[PDB]
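Below, chains carry the letters A, B, ... as their sequence lines are ordered, and counting in each starts from 1.
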Protein chains: 2
Amino acid sequence: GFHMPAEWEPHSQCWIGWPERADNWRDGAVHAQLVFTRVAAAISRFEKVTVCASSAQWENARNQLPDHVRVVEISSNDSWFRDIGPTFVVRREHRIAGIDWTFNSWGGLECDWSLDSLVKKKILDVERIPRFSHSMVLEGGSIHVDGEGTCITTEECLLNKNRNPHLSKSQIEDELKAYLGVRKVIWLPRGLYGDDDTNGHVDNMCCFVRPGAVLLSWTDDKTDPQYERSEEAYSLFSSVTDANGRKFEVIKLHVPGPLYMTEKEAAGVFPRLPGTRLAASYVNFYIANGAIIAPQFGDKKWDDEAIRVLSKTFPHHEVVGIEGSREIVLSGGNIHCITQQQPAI
Amino acid sequence: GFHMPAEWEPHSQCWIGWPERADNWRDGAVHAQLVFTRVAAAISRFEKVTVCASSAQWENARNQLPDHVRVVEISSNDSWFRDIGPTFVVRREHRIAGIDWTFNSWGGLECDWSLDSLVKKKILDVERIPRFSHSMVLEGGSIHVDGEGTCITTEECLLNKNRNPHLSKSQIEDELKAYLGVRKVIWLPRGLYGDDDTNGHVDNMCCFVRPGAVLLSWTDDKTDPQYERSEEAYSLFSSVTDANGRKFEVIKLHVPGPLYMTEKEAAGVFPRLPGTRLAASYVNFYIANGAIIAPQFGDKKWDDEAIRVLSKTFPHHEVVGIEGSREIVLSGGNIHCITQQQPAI
Ligand code: NA
Ligand code: NA
Ligand code: NA
Ligand code: NA
């Protein structure tokens with residue numbers, strides 16, 4: 001009787017990690033920490049925030065973050081709490097639980113994720129919230145829900161042999177149905193071009209706005225490899241209905257750039273290579289209570305256009321652009337990847 | 001308008017650390033961890049418990065402790081949360097706060113306590129409880145209160161030049177009055193003989209049973225050096241009144257032994273020396289909601305007598321003796337030293 005509510009439904013708080021590993025974040029994560037502070041501070045205007053830092057980083061996080069953000073000590077390999085935090089479910093006796101999916105470092109065998117694996121159970125232990133363990137590998141960034149019985153995902157990620165090669169698509173779909181409380185799963189073939197680290201997480205490709213409506217990463221440039229992925233997703237959405245028999249409205253959200261890691265950015269990481277195409281999309285935003293917390297990549301034309309489209313799309317939410325989001329995407333993710341909502345009960 | 005309530009007043013939870021340092025706990029703390037589990041499990045029958053472990057120990061603590069005990073990650077140098085946890089105060093607007101006294105490793109300059117110093121603020125941050133910082137050095141084990149305006153302490157500890165040599169007795173007393181919400185401080189000259197590590201903490205010498213009544217560490221052996229300390233305290237209690245003008249009832253609680261570290265015990269620590277007299281007293285018990293959690297040192301005569309006296313003294317509480325408490329005292333403390341109550345509001 002539990003289900004995953006939509007991200008726009010009310011939250012009691014948001015969980016965020018704290019970056020530090022010098023081999024993934026340039027210059028010892030100094031720039032990324034400034035942006036994590038900016039994101040946490042912005043979200044905290046709208047809902048309570050907990051930032052989780054290692055022992056070595058706790059004082060730094062506590063100094064940078066404002067007093068009304070809670071700072072706890074939770075050790076991790078890295079700081080992508082969308083994927084390593086628990087996925088909370090509600091039953092409207094316990095009324096909230098967390099799903100502890102198995103983590104495997106985004107298909108990483110094919111190199112240590114043991115601390116990251118413990119993040120789900122540690123957060124649930126802090127909150128004294130029951131844990132539902134699952135042997136299936138899954139990351140929260142790979143699924144999206146409308147809270148009304150529909151889930152969207154990508155085949156590129158969930159059917160990759162680096163995830164659950166013991167399972168067929170039907171078996172995976174049945175676990176999503178049972179654990180997320182959904183009745184229909186929409187399988188986009190592919191996520192964002194260039195998102196090789198996650199194998200095409202849906203949260204970088206498409207998300208719900210409301211039941212029956214999605215934002216879709218888009219480019220008007222038919223010569224760019226993103227075009228065929230976005231067009232294929234657009235065609236799928238235009239050909240199917242949701243779990244309640246609604247047609248989809250699709251709103252295009254144009255990708256920046258393309259953006260590429262510079263020599264200076266790559267040199268700061270102790271592998272991240274000069275010229276690497278960045279997996280950048282404005283779709284990787286977080287919905288906080290009454291707010292959209294949206295990336296800004298330092299590409300003025302597309303940054304301003306994304307704020308315009310998000311403001312029109314979410315007319316009852318305050319849209320907040322976060323300067324410096326390029327510093328998150330240099331390490332492979334964005335605002336949605338670093339957050340995990342806790343639904344209110 | 002805040003004051004420290006008595007330890008027998010209702011608690012919302014109890015905070016406990018988790019031992020691990022091989023240079024203070026024999027055999028890598030394996031024996032002490034069994035006893036910390038025993039104490040936490042016993043307290044948890046009566047009130048909620050949080051055990052705080054380092055990243056390296058979190059899984060071990062989580063395995064040993066029962067499911068209804070919360071396990072959080074808080075780093076520390078060592079695990080004496082009576083002295084390194086916050087002292088909570090209540091105002092019956094915020095109704096609870098924590099005092100963050102300065103810690104200095106029990107006068108330790110005259111050798112690293114930087115992580116221990118952060119424990120107070122970390123616990124208050126987890127709970128989102130306001131923090132009152134104090135520049136004065138103080139450990140919670142060095143004071144005891146009745147919740148009705150009286151505090152007892154020792155001169156041996158608080159007037160030692162290794163604590164607050166900038167302050168006179170009057171200045172220290174005024175800080176206790178202001179921060180604990182007390183109107184009279186009773187200064188025992190001395191704590192327990194042999195308690196050189198803490199310089200005679202009151203919690204190993206004497207504690208309140210109820211307003212107007214104390215338990216006092218005692219020996220009938222006039223040849224033992226404890227006798228003159230206990231007799232001096234008995235005479236003081238018999239000569240003064242409390243903050244409300246009550247005379248004191250004194251109940252004697254006979255020390256075990258004396259007990260001495262064995263060669264085998266000392267050899268297990270990676271300094272703790274063979275033959276060291278142990279600073280052992282049954283006074284170092286914890287009052288949980290409706291329970292007395294009391295040491296048992298493996299000295300059958302005095303262990304049984306302590307349970308008899310505590311059961312008579314606290315007729316409305318369940319007395320629970322903890323087997324293996326000698327393993328705590330080998331490292332310089334006991335059940336009261338490893339706990340810190342959080343008062344209910
Ligand atoms: Na701060
Ligand atoms: Na991958
Ligand atoms: Na356990
Ligand atoms: Na000392």
Side-chain angles (χ1 to χ4, degrees), chain A residues 7 11 13-22 24-54 57-72 74 76 78-85 141 203-204 253 256-257 259 261 265 268-269 278-300 302-308 310-311 314 317-342, chain B residues 125:
Chain A
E7 194 169 300
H11 306 145
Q13 71 190 318
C14 186
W15 292 86
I16 304 178
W18 181 258
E20 96 174 79
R21 64 189 297 130
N24 197 37
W25 301 94
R26 75 194 188 87
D27 298 334
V30 70
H31 311 285
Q33 287 168 357
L34 304 179
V35 181
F36 270 66
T37 295
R38 190 174 298 137
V39 170
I43 292 167
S44 78
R45 296 173 51 202
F46 304 99
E47 60 192 44
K48 295 300 186 183
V49 174
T50 299
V51 170
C52 303
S54 68
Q57 287 290 324
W58 189 93
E59 302 166 87
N60 179 27
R62 179 69 283 165
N63 181 48
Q64 295 198 217
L65 291 159
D67 293 355
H68 57 276
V69 170
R70 175 166 70 160
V71 180
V72 302
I74 297 183
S76 65
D78 213 354
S79 55
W80 300 109
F81 275 31
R82 183 54 59 188
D83 296 347
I84 72 170
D203 79 344
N204 230 12
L253 188 56
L259 304 179
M261 186 173 293
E265 288 163 341
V269 180
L278 303 182
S281 177
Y282 298 98
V283 172
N284 202 262
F285 62 83
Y286 174 65
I287 305 176
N289 291 345
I292 304 298
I293 312 297
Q296 300 281 271
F297 298 102
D299 180 333
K300 174 176 179 56
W302 295 119
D303 284 347
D304 289 352
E305 180 66 2
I307 297 298
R308 185 188 71 76
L310 290 168
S311 296
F314 292 103
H317 285 71
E318 179 178 340
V319 177
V320 179
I322 302 294
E323 171 183 306
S325 301
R326 179 181 174 106
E327 295 292 342
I328 317 183
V329 86
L330 292 174
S331 301
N334 212 332
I335 294 165
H336 195 256
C337 303
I338 68 169
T339 51
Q340 184 76 238
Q341 67 272 16
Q342 184 176 325
Chain B
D125 210 312

- Note on the structure: Heavy-atom nearest pair, A:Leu310 first then A:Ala294, reads CD1-CB, 3.6 Å
- Distance from A:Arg82 atom CZ to A:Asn284 atom CG, nearest 0.5 Å? 8.5 Å
- Query: side chain to side chain donor-acceptor pair (under 3.5 Å) with A:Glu318: which residues, sequence neighbours excluded?
  - Reply: A:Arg45
- Message: Measuring only between side-chain heavy atoms, which start at C-beta, is A:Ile16 closer than 4.5 Å to A:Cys52?
- Response: no
- Task: Could you give me the CA-CA distance, side-chain angles and deciding distance for A:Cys337 and A:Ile328, then say whether side chain to side chain contact (heavy atoms under 4.5 Å, CB included) is met?
- Result: CA-CA 9 Å; A:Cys337 303; A:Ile328 317 183; 5.9 Å; no
- Query: Just by distance, do the side chain of A:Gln296 and the backbone of A:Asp303 share a donor-acceptor pair under 3.5 Å?
  - Reply: yes
- Query: Going from CG on A:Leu34 to CD on A:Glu323, what distance comes out if it is rounded to the nearest 0.5 angstrom?
  - Reply: 10.0 Å
- Item | Least distance between heavy atoms, A:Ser44 atom then A:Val69 atom | CB-CG2, 3.7 Å
- Any side-chain heavy atom of A:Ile338 sitting closer than 4.5 Å to one from A:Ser79? no
- Message: Distance check, rounded to the nearest 0.5 Å: A:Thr37 atom OG1 versus A:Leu65 atom CG?
- Response: 4.5 Å
- Item | Within-4.5 Å side-chain heavy-atom neighbours: A:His11 and A:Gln342 | no
- Item | Stepwise salt bridge (charged side-chain N to carboxylate O under 4.0 Å, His left out) test for A:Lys300 and A:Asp304 | CA-CA 6 Å; A:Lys300 174 176 179 56; A:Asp304 289 352; 2.8 Å; yes
- Query: Does the side chain of A:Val283 come within less than 4.5 Å of A:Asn204's, by heavy atoms?
  - Reply: no
- Task: Measure up the A:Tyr282 and A:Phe297 rings against each other and bin them: parallel (under 30°), tilted (30 to 60°), perpendicular (over 60°).
- Result: perpendicular
- Item | Pairwise side-chain contact, A:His68 with A:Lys48, heavy-atom cut-off 4.5 Å (strictly under) | no
- Show the numbers, then the answer: is there a side chain to side chain contact (heavy atoms under 4.5 Å, CB included) between A:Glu7 and A:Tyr286? CA-CA 8 Å; A:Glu7 194 169 300; A:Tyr286 174 65; 3.5 Å; yes
- Query: If you measure from OG on A:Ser325 to CG on A:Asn334, what distance do you get to the nearest 0.5 Å?
  - Reply: 5.5 Å
- Message: Under a 3.5 Å distance rule, please check whether A:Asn289 uses its side chain to pair with a backbone N or O of A:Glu47 as donor and acceptor.
- Response: no
- Of the non-hydrogen atoms in A:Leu259 and A:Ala280, which two are nearest, and what is the gap between them? CD1-CB, 4.0 Å
- Nearest heavy-atom neighbours spanning A:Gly17 and A:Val51: O-CG1, 3.5 Å
- Residue pair A:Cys14 / A:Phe81, side-chain heavy-atom distance below 4.5 Å: no
- Task: Using the six-membered ring wherever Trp is involved, compare the ring planes of A:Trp25 and A:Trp80 and label them parallel, tilted or perpendicular (cut-offs 30° and 60°).
- Result: parallel
- Query: Looking at side-chain heavy atoms only, is the closest gap between A:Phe285 and A:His336 below 4.5 Å?
  - Reply: no
- Task: Write out all pairs satisfying salt bridge (charged side-chain N to carboxylate O under 4.0 Å, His left out) with one or both partners inside residues 57-68 of chain A, taking only residues at least two apart or from two chains.
- Result: A:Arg62-B:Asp125
- Task: State which residues pass side chain to side chain donor-acceptor pair (under 3.5 Å) with A:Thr50; sequence neighbours excluded, sorted by chain then number.
- Result: A:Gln13, A:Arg70
- Closest approach of A:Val49 and A:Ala40, non-hydrogen atoms and distance? CG2-O, 3.7 Å
- Please report the C-alpha distance between A:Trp18 and A:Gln64 in whole Å, then the side-chain angles of each, then the deciding distance to 0.1 Å, and finally whether the side chain to side chain contact (heavy atoms under 4.5 Å, CB included) criterion is met. CA-CA 11 Å; A:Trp18 181 258; A:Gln64 295 198 217; 3.8 Å; yes
- Is there a donor-acceptor pair under 3.5 Å between the side chain of A:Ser331 and the backbone N or O of A:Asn24? yes
- Listed partners of A:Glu265 passing salt bridge (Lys or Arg N to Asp or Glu O under 4.0 Å), at least two apart: A:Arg326
- Polar side-chain atom of A:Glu327 near backbone of A:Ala32 as donor-acceptor pair, under 3.5 Å: no
- Query: Can any side-chain N or O of A:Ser54 pair as donor or acceptor with the backbone N or O of A:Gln57 at less than 3.5 Å?
  - Reply: yes
- Across all chains, not counting sequence neighbours, the salt bridge (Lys or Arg N to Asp or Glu O under 4.0 Å) partners of A:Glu20 are none
- Message: Among residues at least two apart in sequence or on other chains, which ones pass side chain to side chain donor-acceptor pair (under 3.5 Å) with A:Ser281?
- Response: A:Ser217
- Item | Minimum heavy-atom distance A:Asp83-A:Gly141, with the two atoms named | OD1-N, 2.9 Å
- Item | Side-chain touch A:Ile322/A:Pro295, heavy atoms, less than 4.5 angstrom | no
